[PDB]
file input-v8.cif (mmCIF, C-alpha atoms and all ligand atoms)
data_work
#
loop_
_atom_site.label_atom_id
_atom_site.label_comp_id
_atom_site.auth_asym_id
_atom_site.auth_seq_id
_atom_site.Cartn_x
_atom_site.Cartn_y
_atom_site.Cartn_z
CA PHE A 1 145.63 -50.53 226.53
CA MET A 2 148.25 -48.21 228.02
CA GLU A 3 146.91 -44.97 226.61
CA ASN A 4 143.56 -44.81 228.43
CA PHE A 5 145.85 -43.86 231.34
CA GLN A 6 146.55 -40.13 231.65
CA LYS A 7 149.20 -38.38 233.74
CA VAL A 8 147.70 -36.91 236.93
CA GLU A 9 150.78 -35.44 238.61
CA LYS A 10 154.53 -35.86 238.91
CA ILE A 11 155.43 -38.22 241.76
CA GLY A 12 159.18 -37.82 241.88
CA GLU A 13 162.52 -37.69 240.09
CA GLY A 14 164.83 -40.69 239.99
CA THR A 15 168.48 -40.78 239.04
CA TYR A 16 167.61 -41.34 235.36
CA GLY A 17 163.84 -40.90 235.18
CA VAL A 18 160.75 -39.00 236.24
CA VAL A 19 157.76 -40.80 237.75
CA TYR A 20 154.11 -39.85 237.25
CA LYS A 21 150.87 -40.91 238.84
CA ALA A 22 148.75 -42.06 235.90
CA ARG A 23 144.99 -42.64 236.06
CA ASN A 24 142.69 -44.63 233.78
CA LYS A 25 140.08 -42.12 232.58
CA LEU A 26 137.28 -44.70 232.79
CA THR A 27 138.12 -47.18 235.55
CA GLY A 28 139.98 -44.87 237.95
CA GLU A 29 142.89 -47.34 238.20
CA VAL A 30 146.15 -45.62 239.16
CA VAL A 31 149.73 -46.71 238.40
CA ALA A 32 153.20 -45.17 238.70
CA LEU A 33 154.70 -44.54 235.27
CA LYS A 34 158.48 -44.15 235.21
CA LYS A 35 159.93 -42.52 232.08
CA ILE A 36 163.67 -42.97 231.50
CA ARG A 37 165.28 -40.99 228.70
CA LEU A 38 168.05 -42.64 226.74
CA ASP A 39 171.35 -41.33 225.39
CA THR A 40 170.14 -42.06 221.84
CA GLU A 41 167.29 -40.77 219.73
CA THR A 42 167.21 -43.77 217.38
CA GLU A 43 168.78 -46.93 218.80
CA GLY A 44 166.32 -47.86 221.54
CA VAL A 45 167.08 -50.25 224.39
CA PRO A 46 169.18 -53.39 223.75
CA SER A 47 167.18 -56.60 223.70
CA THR A 48 169.35 -58.11 226.44
CA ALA A 49 168.44 -55.25 228.81
CA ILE A 50 164.73 -55.69 228.08
CA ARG A 51 165.18 -59.43 228.67
CA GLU A 52 166.60 -58.87 232.15
CA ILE A 53 164.01 -56.25 233.14
CA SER A 54 161.08 -58.29 231.88
CA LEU A 55 161.97 -61.35 233.94
CA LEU A 56 161.29 -59.25 237.05
CA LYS A 57 157.60 -59.08 236.13
CA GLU A 58 157.42 -62.72 237.24
CA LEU A 59 159.66 -62.45 240.34
CA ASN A 60 157.23 -61.09 242.92
CA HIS A 61 157.40 -60.50 246.66
CA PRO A 62 155.13 -58.51 249.01
CA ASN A 63 158.03 -56.23 249.98
CA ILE A 64 159.06 -55.36 246.40
CA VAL A 65 157.14 -52.95 244.19
CA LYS A 66 155.28 -54.83 241.45
CA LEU A 67 156.52 -54.26 237.89
CA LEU A 68 153.41 -54.31 235.71
CA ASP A 69 154.71 -53.57 232.22
CA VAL A 70 157.82 -52.68 230.23
CA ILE A 71 157.52 -50.45 227.15
CA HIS A 72 160.42 -49.21 225.05
CA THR A 73 160.82 -46.95 222.04
CA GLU A 74 163.69 -45.53 219.98
CA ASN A 75 164.57 -42.95 222.69
CA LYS A 76 162.73 -43.92 225.89
CA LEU A 77 162.19 -46.72 228.38
CA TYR A 78 158.90 -46.74 230.30
CA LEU A 79 158.35 -48.92 233.37
CA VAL A 80 154.84 -49.23 234.82
CA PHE A 81 154.65 -50.02 238.55
CA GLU A 82 151.96 -50.40 241.16
CA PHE A 83 151.17 -47.08 242.85
CA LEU A 84 151.64 -46.43 246.57
CA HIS A 85 150.83 -43.05 248.10
CA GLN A 86 153.68 -42.44 250.52
CA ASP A 87 157.35 -43.17 251.06
CA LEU A 88 159.53 -43.60 254.12
CA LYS A 89 161.28 -40.24 253.67
CA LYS A 90 157.98 -38.36 253.83
CA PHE A 91 156.88 -40.47 256.79
CA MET A 92 160.19 -39.89 258.62
CA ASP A 93 159.76 -36.15 258.08
CA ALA A 94 156.21 -36.21 259.45
CA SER A 95 157.42 -38.28 262.43
CA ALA A 96 160.65 -36.31 262.98
CA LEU A 97 159.75 -34.39 266.13
CA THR A 98 158.50 -37.57 267.84
CA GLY A 99 160.12 -40.58 266.16
CA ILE A 100 158.59 -43.49 264.28
CA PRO A 101 157.52 -45.84 267.09
CA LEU A 102 159.91 -48.72 267.77
CA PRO A 103 157.40 -51.49 266.83
CA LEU A 104 156.94 -49.84 263.43
CA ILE A 105 160.70 -49.38 262.95
CA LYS A 106 161.12 -53.10 263.69
CA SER A 107 158.30 -54.16 261.37
CA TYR A 108 159.59 -52.03 258.50
CA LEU A 109 163.15 -53.32 259.00
CA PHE A 110 161.97 -56.95 259.06
CA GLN A 111 159.91 -56.47 255.88
CA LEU A 112 162.76 -54.77 254.03
CA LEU A 113 165.07 -57.64 255.04
CA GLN A 114 162.47 -60.07 253.66
CA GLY A 115 162.40 -58.14 250.39
CA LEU A 116 166.18 -58.06 250.13
CA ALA A 117 166.49 -61.75 251.03
CA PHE A 118 164.19 -62.46 248.10
CA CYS A 119 165.93 -60.34 245.50
CA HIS A 120 169.38 -61.43 246.68
CA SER A 121 168.34 -65.09 246.39
CA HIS A 122 167.46 -64.34 242.75
CA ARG A 123 170.83 -62.67 242.12
CA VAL A 124 169.40 -59.14 241.91
CA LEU A 125 170.82 -56.14 243.81
CA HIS A 126 169.11 -52.85 244.55
CA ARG A 127 172.40 -50.82 244.77
CA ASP A 128 170.77 -47.47 245.63
CA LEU A 129 168.55 -47.86 248.68
CA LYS A 130 167.36 -44.56 250.17
CA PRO A 131 164.32 -43.73 252.35
CA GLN A 132 162.57 -41.98 249.44
CA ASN A 133 162.75 -45.33 247.55
CA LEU A 134 160.78 -47.27 250.20
CA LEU A 135 157.03 -47.14 249.57
CA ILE A 136 154.48 -47.47 252.38
CA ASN A 137 150.72 -47.96 252.58
CA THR A 138 147.95 -47.68 255.17
CA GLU A 139 148.07 -51.46 255.76
CA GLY A 140 151.55 -51.47 257.32
CA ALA A 141 153.49 -52.74 254.31
CA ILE A 142 156.74 -51.28 253.07
CA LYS A 143 158.19 -52.07 249.64
CA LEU A 144 161.54 -51.74 247.92
CA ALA A 145 161.25 -49.47 244.87
CA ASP A 146 163.47 -47.51 242.45
CA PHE A 147 166.03 -50.27 241.98
CA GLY A 148 169.33 -49.06 240.55
CA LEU A 149 169.32 -51.58 237.73
CA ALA A 150 169.35 -49.45 234.55
CA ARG A 151 173.13 -49.39 234.07
CA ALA A 152 173.66 -52.91 235.45
CA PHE A 153 171.28 -54.22 232.81
CA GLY A 154 172.74 -52.10 230.01
CA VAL A 155 169.96 -49.54 229.60
CA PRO A 156 171.67 -46.66 227.68
CA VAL A 157 170.42 -44.00 230.06
CA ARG A 158 171.14 -40.36 229.33
CA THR A 159 174.39 -39.20 230.90
CA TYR A 160 173.90 -36.19 233.17
CA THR A 161 177.09 -34.11 233.02
CA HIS A 162 176.33 -32.24 236.28
CA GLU A 163 174.49 -34.91 238.23
CA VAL A 164 174.18 -34.44 242.00
CA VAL A 165 174.13 -37.85 243.67
CA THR A 166 173.12 -38.63 247.24
CA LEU A 167 176.00 -40.65 248.71
CA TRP A 168 174.66 -40.97 252.25
CA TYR A 169 173.69 -44.65 251.97
CA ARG A 170 176.63 -45.85 249.83
CA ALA A 171 178.58 -48.84 251.16
CA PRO A 172 182.27 -48.14 251.87
CA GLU A 173 183.51 -50.73 249.38
CA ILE A 174 181.78 -48.75 246.60
CA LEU A 175 183.38 -45.52 247.80
CA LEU A 176 186.79 -47.26 247.90
CA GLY A 177 186.42 -48.31 244.26
CA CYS A 178 185.59 -52.02 244.48
CA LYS A 179 185.41 -53.58 241.03
CA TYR A 180 182.58 -55.99 241.93
CA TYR A 181 179.53 -55.23 244.05
CA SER A 182 178.02 -57.87 246.31
CA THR A 183 174.60 -58.15 247.92
CA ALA A 184 176.22 -56.71 251.06
CA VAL A 185 175.96 -53.19 249.59
CA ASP A 186 172.21 -53.29 250.22
CA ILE A 187 172.63 -54.44 253.82
CA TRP A 188 174.88 -51.45 254.48
CA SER A 189 172.32 -49.05 253.00
CA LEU A 190 169.51 -50.63 255.01
CA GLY A 191 171.62 -50.35 258.19
CA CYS A 192 172.00 -46.64 257.50
CA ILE A 193 168.21 -46.36 257.08
CA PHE A 194 167.62 -48.32 260.32
CA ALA A 195 169.87 -45.91 262.22
CA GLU A 196 168.09 -42.95 260.60
CA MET A 197 164.66 -44.18 261.72
CA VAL A 198 165.91 -44.57 265.30
CA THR A 199 167.84 -41.33 265.65
CA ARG A 200 165.67 -39.14 263.35
CA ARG A 201 168.78 -37.97 261.48
CA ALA A 202 170.74 -39.39 258.57
CA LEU A 203 173.72 -41.33 259.87
CA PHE A 204 176.40 -40.38 257.32
CA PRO A 205 175.21 -37.29 255.38
CA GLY A 206 178.35 -36.75 253.32
CA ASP A 207 178.55 -34.16 250.57
CA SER A 208 181.30 -35.66 248.35
CA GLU A 209 183.00 -39.03 248.05
CA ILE A 210 185.79 -38.14 250.47
CA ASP A 211 183.42 -36.42 252.93
CA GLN A 212 181.18 -39.51 252.84
CA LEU A 213 184.18 -41.74 253.55
CA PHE A 214 185.46 -39.48 256.30
CA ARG A 215 182.05 -39.30 258.00
CA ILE A 216 181.96 -43.11 258.09
CA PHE A 217 185.55 -43.26 259.34
CA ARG A 218 184.99 -40.70 262.10
CA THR A 219 182.11 -42.85 263.42
CA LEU A 220 183.16 -46.46 262.86
CA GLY A 221 186.93 -45.87 262.96
CA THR A 222 189.28 -45.65 260.00
CA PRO A 223 189.31 -49.20 258.60
CA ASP A 224 192.54 -51.19 258.45
CA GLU A 225 193.53 -54.79 257.79
CA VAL A 226 192.54 -55.83 261.33
CA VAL A 227 188.83 -55.16 260.89
CA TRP A 228 188.67 -55.24 257.07
CA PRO A 229 191.19 -57.64 255.55
CA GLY A 230 191.88 -56.53 252.01
CA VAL A 231 190.92 -52.90 252.59
CA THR A 232 194.43 -51.61 251.91
CA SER A 233 194.30 -53.21 248.46
CA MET A 234 191.06 -51.51 247.37
CA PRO A 235 191.60 -49.24 244.35
CA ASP A 236 190.87 -45.92 246.09
CA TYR A 237 192.32 -46.76 249.51
CA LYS A 238 194.95 -44.25 250.65
CA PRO A 239 197.49 -45.05 253.40
CA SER A 240 197.38 -41.30 254.16
CA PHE A 241 193.74 -41.44 255.35
CA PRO A 242 193.50 -39.86 258.83
CA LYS A 243 193.17 -42.48 261.56
CA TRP A 244 190.04 -41.96 263.67
CA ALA A 245 189.15 -44.22 266.58
CA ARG A 246 185.94 -46.23 266.52
CA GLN A 247 182.89 -44.95 268.42
CA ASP A 248 180.75 -47.41 270.38
CA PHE A 249 177.41 -48.21 268.81
CA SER A 250 175.90 -47.08 272.13
CA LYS A 251 176.95 -43.59 271.02
CA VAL A 252 175.91 -44.02 267.37
CA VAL A 253 172.23 -44.94 267.87
CA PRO A 254 171.86 -44.31 271.61
CA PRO A 255 168.18 -44.96 272.45
CA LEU A 256 168.35 -48.33 270.70
CA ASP A 257 168.45 -51.37 272.97
CA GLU A 258 171.32 -53.88 272.87
CA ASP A 259 169.43 -56.26 270.58
CA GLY A 260 169.05 -53.50 267.98
CA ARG A 261 172.58 -52.18 268.42
CA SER A 262 174.02 -55.67 267.94
CA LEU A 263 172.09 -56.12 264.68
CA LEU A 264 173.06 -52.66 263.45
CA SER A 265 176.72 -53.42 264.12
CA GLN A 266 176.51 -56.51 261.93
CA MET A 267 174.75 -54.55 259.16
CA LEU A 268 177.47 -51.85 259.24
CA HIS A 269 180.44 -54.24 259.32
CA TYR A 270 183.20 -52.79 257.14
CA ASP A 271 184.09 -56.07 255.44
CA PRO A 272 181.25 -56.88 253.00
CA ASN A 273 182.19 -60.56 253.25
CA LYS A 274 181.39 -60.63 256.98
CA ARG A 275 178.44 -58.21 256.93
CA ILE A 276 175.25 -60.02 257.96
CA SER A 277 173.09 -61.39 255.15
CA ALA A 278 169.44 -60.43 254.89
CA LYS A 279 168.38 -64.01 255.55
CA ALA A 280 170.56 -64.34 258.66
CA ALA A 281 169.35 -60.96 259.94
CA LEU A 282 165.76 -62.20 259.90
CA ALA A 283 166.75 -64.67 262.65
CA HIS A 284 168.35 -62.05 264.89
CA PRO A 285 166.99 -61.72 268.46
CA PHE A 286 165.99 -58.09 267.76
CA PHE A 287 163.03 -59.57 265.88
CA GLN A 288 161.80 -61.88 268.67
CA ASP A 289 158.85 -59.56 269.35
CA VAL A 290 158.21 -58.24 265.83
CA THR A 291 154.62 -57.26 264.97
CA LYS A 292 152.88 -55.47 262.08
CA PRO A 293 151.55 -52.11 263.29
CA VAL A 294 149.97 -49.66 260.89
CA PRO A 295 151.18 -46.08 260.43
CA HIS A 296 148.84 -43.13 260.70
CA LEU A 297 149.18 -41.58 257.26
CA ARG A 298 147.65 -38.27 256.28
CA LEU A 299 147.20 -38.70 252.55
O1 LIG A 301 162.53 -49.93 240.25
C1 LIG A 301 163.01 -49.51 239.17
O2 LIG A 301 163.01 -48.26 238.90
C2 LIG A 301 163.60 -50.47 238.15
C3 LIG A 301 164.39 -49.96 237.13
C4 LIG A 301 164.92 -50.81 236.18
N1 LIG A 301 165.72 -50.29 235.13
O3 LIG A 301 165.76 -49.08 234.94
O4 LIG A 301 166.43 -51.15 234.35
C5 LIG A 301 164.68 -52.17 236.25
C6 LIG A 301 163.89 -52.69 237.26
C7 LIG A 301 163.35 -51.84 238.21
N2 LIG A 301 162.54 -52.37 239.24
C8 LIG A 301 162.33 -53.78 239.35
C9 LIG A 301 161.42 -54.09 240.51
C10 LIG A 301 161.28 -55.57 240.77
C11 LIG A 301 160.14 -56.35 240.58
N3 LIG A 301 160.40 -57.60 240.93
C12 LIG A 301 161.66 -57.72 241.36
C13 LIG A 301 162.38 -58.83 241.83
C14 LIG A 301 163.70 -58.67 242.23
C15 LIG A 301 164.31 -57.40 242.16
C16 LIG A 301 163.60 -56.29 241.69
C17 LIG A 301 162.27 -56.47 241.28
#
call {"tool": "encode", "arguments": {"input": "input-v8.cif", "output": "structure tokens"}}
result
Amino acid sequence: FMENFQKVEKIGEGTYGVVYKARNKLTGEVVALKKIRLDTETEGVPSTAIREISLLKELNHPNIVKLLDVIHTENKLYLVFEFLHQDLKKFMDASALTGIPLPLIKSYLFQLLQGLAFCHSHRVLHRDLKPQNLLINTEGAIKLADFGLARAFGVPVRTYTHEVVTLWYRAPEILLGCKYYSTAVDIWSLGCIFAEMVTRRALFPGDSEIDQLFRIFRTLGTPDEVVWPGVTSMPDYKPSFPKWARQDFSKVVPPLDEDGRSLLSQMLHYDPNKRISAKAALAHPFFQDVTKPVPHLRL
């Protein structure tokens, strides 16, 4: 019975929903309740969208948030998830003056690659990975959450006429107007998050589509047909883009050893077709000495 649960506090704000911590007034059980408003007051959610969401209840992995229940009405979609206390953004901020320790960076990266390898094998993308979307617990786990699946599945989410989007983790093929996404978009985002854990600063904090593109280009070099065959045929490519030279990855994430820099370079490959897959990245030598430390969380 999903009304013995009462809202305790607002957890966060997604791109189309607000999330609450909800507590069972008799058992104490706590869940995360995501409420997504729709663009309609009467028409509800299409059955085909509910079909696709509901299948994810039975596709489970330790590094993906668990979807517990799907509830829909004439004007709202509610998704009930397992609750975790903290996220990677908050943990980064607490660790910012010192740095998340390397063994924990490596463990979190490995786990997130395991989660992506799973969803990608089931033909599901995340599409909007950001540190605030990665949930952590006292036991050393990290989990993919806040998947960007509402529009992909046809949920008629409310349109926000003045929406402010964070573009910092967006793959360059999206910014250049690619008509079809691939699983490689999530590897790019995760590479950006990897670099952010190491350097304690977002890698490409752009403030518009062109500023995001130009920040990538000023670091990795303006892409051309040599490094990204097909780039000049992307819908938003402009031959008039300024031509910046590529910076060495030794300058991009300096403290990182050559094993880590090599993996990062494969995660940030311009061509999505040659960007490393999550499954291949799990075999990279950077992970030879991976362990599972626990963070010190102050809850
Ligand atoms: O996280 C969200 O907010 C979210 C939003 C919508 N939506 O709005 O349509 C739909 C699904 C969502 N999460 C699914 C989490 C999930 C469980 N098992 C999986 C297996 C593979 C890939 C993903 C998952």
call {"tool": "closest_atom_pairs", "arguments": {"input": "input-v8.cif", "of": "chain A", "to": "ligand LIG 301 (chain A)", "cutoff": "9 Å", "atoms": "all atoms listed in the file", "output": "Markdown table"}}
result
| residue | atom | partner | partner_atom | distance |
| --- | --- | --- | --- | --- |
| A:14 | CA | A:LIG301 | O2 | 7.9 |
| A:16 | CA | A:LIG301 | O3 | 8.0 |
| A:17 | CA | A:LIG301 | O2 | 8.3 |
| A:34 | CA | A:LIG301 | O2 | 7.1 |
| A:36 | CA | A:LIG301 | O3 | 7.3 |
| A:49 | CA | A:LIG301 | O4 | 7.2 |
| A:50 | CA | A:LIG301 | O4 | 7.9 |
| A:52 | CA | A:LIG301 | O4 | 8.0 |
| A:53 | CA | A:LIG301 | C5 | 5.2 |
| A:54 | CA | A:LIG301 | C6 | 8.3 |
| A:55 | CA | A:LIG301 | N3 | 8.1 |
| A:56 | CA | A:LIG301 | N3 | 4.3 |
| A:57 | CA | A:LIG301 | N3 | 5.8 |
| A:58 | CA | A:LIG301 | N3 | 7.0 |
| A:59 | CA | A:LIG301 | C13 | 4.8 |
| A:60 | CA | A:LIG301 | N3 | 5.1 |
| A:61 | CA | A:LIG301 | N3 | 7.1 |
| A:64 | CA | A:LIG301 | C11 | 6.0 |
| A:65 | CA | A:LIG301 | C9 | 5.8 |
| A:66 | CA | A:LIG301 | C11 | 5.2 |
| A:67 | CA | A:LIG301 | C11 | 5.0 |
| A:68 | CA | A:LIG301 | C11 | 8.6 |
| A:77 | CA | A:LIG301 | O3 | 7.8 |
| A:78 | CA | A:LIG301 | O3 | 8.6 |
| A:79 | CA | A:LIG301 | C3 | 7.2 |
| A:81 | CA | A:LIG301 | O1 | 8.1 |
| A:115 | CA | A:LIG301 | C14 | 8.3 |
| A:116 | CA | A:LIG301 | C15 | 8.2 |
| A:118 | CA | A:LIG301 | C14 | 7.0 |
| A:119 | CA | A:LIG301 | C14 | 4.3 |
| A:120 | CA | A:LIG301 | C14 | 7.7 |
| A:121 | CA | A:LIG301 | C14 | 8.9 |
| A:122 | CA | A:LIG301 | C14 | 6.8 |
| A:123 | CA | A:LIG301 | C14 | 8.2 |
| A:124 | CA | A:LIG301 | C15 | 5.4 |
| A:125 | CA | A:LIG301 | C15 | 6.8 |
| A:126 | CA | A:LIG301 | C15 | 7.0 |
| A:133 | CA | A:LIG301 | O1 | 8.6 |
| A:144 | CA | A:LIG301 | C9 | 7.8 |
| A:145 | CA | A:LIG301 | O1 | 4.8 |
| A:146 | CA | A:LIG301 | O1 | 3.4 |
| A:147 | CA | A:LIG301 | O1 | 3.9 |
| A:148 | CA | A:LIG301 | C3 | 6.1 |
| A:149 | CA | A:LIG301 | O4 | 4.5 |
| A:150 | CA | A:LIG301 | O4 | 3.4 |
| A:151 | CA | A:LIG301 | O4 | 6.9 |
| A:152 | CA | A:LIG301 | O4 | 7.5 |
| A:153 | CA | A:LIG301 | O4 | 5.9 |
| A:154 | CA | A:LIG301 | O4 | 7.7 |
| A:155 | CA | A:LIG301 | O4 | 6.1 |
| A:157 | CA | A:LIG301 | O3 | 8.4 |
call {"tool": "write_last_selection", "arguments": {"input": "input-v8.cif", "atoms": "C-alpha atoms", "output": "PDB file, in the coordinates of the input"}}
result
ATOM      1  CA  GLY A  14     164.830 -40.690 239.990  1.00  0.00           C
ATOM      2  CA  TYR A  16     167.610 -41.340 235.360  1.00  0.00           C
ATOM      3  CA  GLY A  17     163.840 -40.900 235.180  1.00  0.00           C
ATOM      4  CA  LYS A  34     158.480 -44.150 235.210  1.00  0.00           C
ATOM      5  CA  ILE A  36     163.670 -42.970 231.500  1.00  0.00           C
ATOM      6  CA  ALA A  49     168.440 -55.250 228.810  1.00  0.00           C
ATOM      7  CA  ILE A  50     164.730 -55.690 228.080  1.00  0.00           C
ATOM      8  CA  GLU A  52     166.600 -58.870 232.150  1.00  0.00           C
ATOM      9  CA  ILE A  53     164.010 -56.250 233.140  1.00  0.00           C
ATOM     10  CA  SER A  54     161.080 -58.290 231.880  1.00  0.00           C
ATOM     11  CA  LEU A  55     161.970 -61.350 233.940  1.00  0.00           C
ATOM     12  CA  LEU A  56     161.290 -59.250 237.050  1.00  0.00           C
ATOM     13  CA  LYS A  57     157.600 -59.080 236.130  1.00  0.00           C
ATOM     14  CA  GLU A  58     157.420 -62.720 237.240  1.00  0.00           C
ATOM     15  CA  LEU A  59     159.660 -62.450 240.340  1.00  0.00           C
ATOM     16  CA  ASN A  60     157.230 -61.090 242.920  1.00  0.00           C
ATOM     17  CA  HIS A  61     157.400 -60.500 246.660  1.00  0.00           C
ATOM     18  CA  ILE A  64     159.060 -55.360 246.400  1.00  0.00           C
ATOM     19  CA  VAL A  65     157.140 -52.950 244.190  1.00  0.00           C
ATOM     20  CA  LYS A  66     155.280 -54.830 241.450  1.00  0.00           C
ATOM     21  CA  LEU A  67     156.520 -54.260 237.890  1.00  0.00           C
ATOM     22  CA  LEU A  68     153.410 -54.310 235.710  1.00  0.00           C
ATOM     23  CA  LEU A  77     162.190 -46.720 228.380  1.00  0.00           C
ATOM     24  CA  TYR A  78     158.900 -46.740 230.300  1.00  0.00           C
ATOM     25  CA  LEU A  79     158.350 -48.920 233.370  1.00  0.00           C
ATOM     26  CA  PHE A  81     154.650 -50.020 238.550  1.00  0.00           C
ATOM     27  CA  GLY A 115     162.400 -58.140 250.390  1.00  0.00           C
ATOM     28  CA  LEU A 116     166.180 -58.060 250.130  1.00  0.00           C
ATOM     29  CA  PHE A 118     164.190 -62.460 248.100  1.00  0.00           C
ATOM     30  CA  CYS A 119     165.930 -60.340 245.500  1.00  0.00           C
ATOM     31  CA  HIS A 120     169.380 -61.430 246.680  1.00  0.00           C
ATOM     32  CA  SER A 121     168.340 -65.090 246.390  1.00  0.00           C
ATOM     33  CA  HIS A 122     167.460 -64.340 242.750  1.00  0.00           C
ATOM     34  CA  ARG A 123     170.830 -62.670 242.120  1.00  0.00           C
ATOM     35  CA  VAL A 124     169.400 -59.140 241.910  1.00  0.00           C
ATOM     36  CA  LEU A 125     170.820 -56.140 243.810  1.00  0.00           C
ATOM     37  CA  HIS A 126     169.110 -52.850 244.550  1.00  0.00           C
ATOM     38  CA  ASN A 133     162.750 -45.330 247.550  1.00  0.00           C
ATOM     39  CA  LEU A 144     161.540 -51.740 247.920  1.00  0.00           C
ATOM     40  CA  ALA A 145     161.250 -49.470 244.870  1.00  0.00           C
ATOM     41  CA  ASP A 146     163.470 -47.510 242.450  1.00  0.00           C
ATOM     42  CA  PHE A 147     166.030 -50.270 241.980  1.00  0.00           C
ATOM     43  CA  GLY A 148     169.330 -49.060 240.550  1.00  0.00           C
ATOM     44  CA  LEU A 149     169.320 -51.580 237.730  1.00  0.00           C
ATOM     45  CA  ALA A 150     169.350 -49.450 234.550  1.00  0.00           C
ATOM     46  CA  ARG A 151     173.130 -49.390 234.070  1.00  0.00           C
ATOM     47  CA  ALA A 152     173.660 -52.910 235.450  1.00  0.00           C
ATOM     48  CA  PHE A 153     171.280 -54.220 232.810  1.00  0.00           C
ATOM     49  CA  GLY A 154     172.740 -52.100 230.010  1.00  0.00           C
ATOM     50  CA  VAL A 155     169.960 -49.540 229.600  1.00  0.00           C
ATOM     51  CA  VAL A 157     170.420 -44.000 230.060  1.00  0.00           C
TER      52      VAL A 157
END
call {"tool": "residues_around", "arguments": {"input": "input-v8.cif", "residues": "segment 240-243 of chain A", "least_positions_apart": "4", "cutoff": "12 Å", "atoms": "all atoms listed in the file", "output": "ChimeraX atom specification"}}
result
/A:176,210-211,213-224,232,236
call {"tool": "residues_around", "arguments": {"input": "input-v8.cif", "residues": "segment 93-110 of chain A", "least_positions_apart": "6", "cutoff": "7 Å", "atoms": "only C-alpha atoms", "output": "NGL selection string"}}
result
:A and (142 or 194 or 197 or 200 or 282 or 290-293)
call {"tool": "closest_residue", "arguments": {"input": "input-v8.cif", "among": "A:288, A:277, A:24, A:42", "to": "residue 156 of chain A", "atoms": "only C-alpha atoms"}}
result
A:42
call {"tool": "residues_near_point", "arguments": {"input": "input-v8.cif", "point": "(152.1, -43.2, 248.6)", "cutoff": "8 Å", "atoms": "all atoms listed in the file", "output": "ChimeraX atom specification"}}
result
/A:83-87,135-137,299
call {"tool": "closest_atom_pairs", "arguments": {"input": "input-v8.cif", "of": "segment 94-205 of chain A", "to": "segment 256-269 of chain A", "cutoff": "8 Å", "atoms": "only C-alpha atoms", "output": "CSV"}}
result
residue,atom,partner,partner_atom,distance
A:187,CA,A:267,CA,5.7
A:188,CA,A:268,CA,5.4
A:190,CA,A:267,CA,7.7
A:191,CA,A:267,CA,5.3
A:192,CA,A:268,CA,7.8
A:194,CA,A:264,CA,7.6
A:195,CA,A:264,CA,7.6
A:198,CA,A:256,CA,7.0
call {"tool": "atom_distance", "arguments": {"input": "input-v8.cif", "atom1": "atom CA of residue 33 of chain A", "atom2": "atom CA of residue 298 of chain A"}}
result
23.0 Å
call {"tool": "atom_distance", "arguments": {"input": "input-v8.cif", "atom1": "atom CA of residue 283 of chain A", "atom2": "atom CA of residue 249 of chain A"}}
result
20.6 Å
call {"tool": "residues_around", "arguments": {"input": "input-v8.cif", "residues": "segment 164-173 of chain A", "least_positions_apart": "3", "cutoff": "10 Å", "atoms": "all atoms listed in the file", "output": "ChimeraX atom specification"}}
result
/A:15,127-131,160-161,176-182,184-193,202-209,211-213,215-217,223,231,234-237,268-272
call {"tool": "atom_distance", "arguments": {"input": "input-v8.cif", "atom1": "atom CA of residue 20 of chain A", "atom2": "atom CA of residue 91 of chain A"}}
result
19.7 Å
call {"tool": "closest_residue", "arguments": {"input": "input-v8.cif", "among": "A:72, A:158, A:7, A:35", "to": "residue 51 of chain A", "atoms": "all atoms listed in the file"}}
result
A:72
call {"tool": "residues_around", "arguments": {"input": "input-v8.cif", "residues": "residue 25 of chain A", "least_positions_apart": "5", "cutoff": "7 Å", "atoms": "all atoms listed in the file", "output": "ChimeraX atom specification"}}
result
/A:4-6
call {"tool": "build_atoms", "arguments": {"input": "input-v8.cif", "residues": "segment 226-232 of chain A", "atoms": "N, CA, C and O atoms", "output": "tab-separated table (two decimals), in the frame of the given file"}}
result
chain	number	residue	atom	x	y	z
A	226	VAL	N	193.02	-55.08	260.17
A	226	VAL	CA	192.54	-55.83	261.33
A	226	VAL	C	191.04	-56.08	261.24
A	226	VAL	O	190.57	-57.20	261.44
A	227	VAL	N	190.28	-55.02	260.96
A	227	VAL	CA	188.83	-55.16	260.89
A	227	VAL	C	188.32	-55.42	259.48
A	227	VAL	O	187.21	-55.96	259.32
A	228	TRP	N	189.09	-55.06	258.46
A	228	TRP	CA	188.67	-55.24	257.07
A	228	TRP	C	189.85	-55.78	256.28
A	228	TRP	O	190.55	-55.03	255.60
A	229	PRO	N	190.08	-57.09	256.33
A	229	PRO	CA	191.19	-57.64	255.55
A	229	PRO	C	190.95	-57.38	254.07
A	229	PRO	O	189.84	-57.57	253.55
A	230	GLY	N	191.99	-56.90	253.40
A	230	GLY	CA	191.88	-56.53	252.01
A	230	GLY	C	191.63	-55.06	251.78
A	230	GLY	O	191.75	-54.60	250.64
A	231	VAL	N	191.28	-54.30	252.83
A	231	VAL	CA	190.92	-52.90	252.59
A	231	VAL	C	192.07	-52.13	251.97
A	231	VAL	O	191.86	-51.28	251.10
A	232	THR	N	193.31	-52.41	252.40
A	232	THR	CA	194.43	-51.61	251.91
A	232	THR	C	194.75	-51.90	250.45
A	232	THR	O	195.57	-51.19	249.85
